[PDB]
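Engineer: Structure in structure tokens, see below.
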Amino acid sequence: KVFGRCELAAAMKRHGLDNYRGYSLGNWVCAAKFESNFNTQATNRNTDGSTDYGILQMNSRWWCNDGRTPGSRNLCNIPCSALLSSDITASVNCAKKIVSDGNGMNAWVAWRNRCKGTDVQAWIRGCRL
């Protein structure tokens, strides 16, 4: 499913992401925009053989099991296909584990490179939340 900007914001808020670990809603929406273009079905394979899945592009080497990443840790205890669902619940629960991992949102390279230090509030402007 390809979410609309305000639709995703509303779903993320309802799921407890607004200000989770100090990160305002605009941060999460900006990250999803640049990680997957708001598409739950996005996948991207990496040079090391691992693959990133979903709206927030979580890596199969640490977060989920895709059955083809030797040495994968599966810290969110879910098959990677779960992250591609139209229901963002699994993606949200896993994201909460990741952001609490110590590096905060820097775990998402697109966030670090294109959201961090910008007017992230712009991402939720105009939305009825």
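Easy rule for this one: first residue shown is 1, then count along the chain.
Each residue, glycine too, has its Cβ placed from N, Cα and C.
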Engineer: Determine, on the basis of Swiss-Prot, the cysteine among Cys76, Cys80 paired with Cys94 in a disulphide.
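Structural biologist: It is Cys76, per the disulfide annotation in Swiss-Prot.
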Engineer: For the disulfide involving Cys6, grab the partner from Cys115, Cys127 as Swiss-Prot records it.
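Structural biologist: In Swiss-Prot, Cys6 forms its recorded disulfide with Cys127.
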Engineer: By a simple count of other Cβ atoms within 10 Å, which of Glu35, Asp52, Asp101, the recorded positions in the record, is least packed?
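Structural biologist: Counting other Cβ atoms within 10 Å of each of the recorded positions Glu35, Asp52, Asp101, the minimum falls on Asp101.
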Engineer: May I ask which of the recorded positions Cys6, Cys76, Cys80, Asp101, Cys127 is closest to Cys30 (disulfide bond) if we compare their C-alpha atoms?
Structural biologist: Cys6
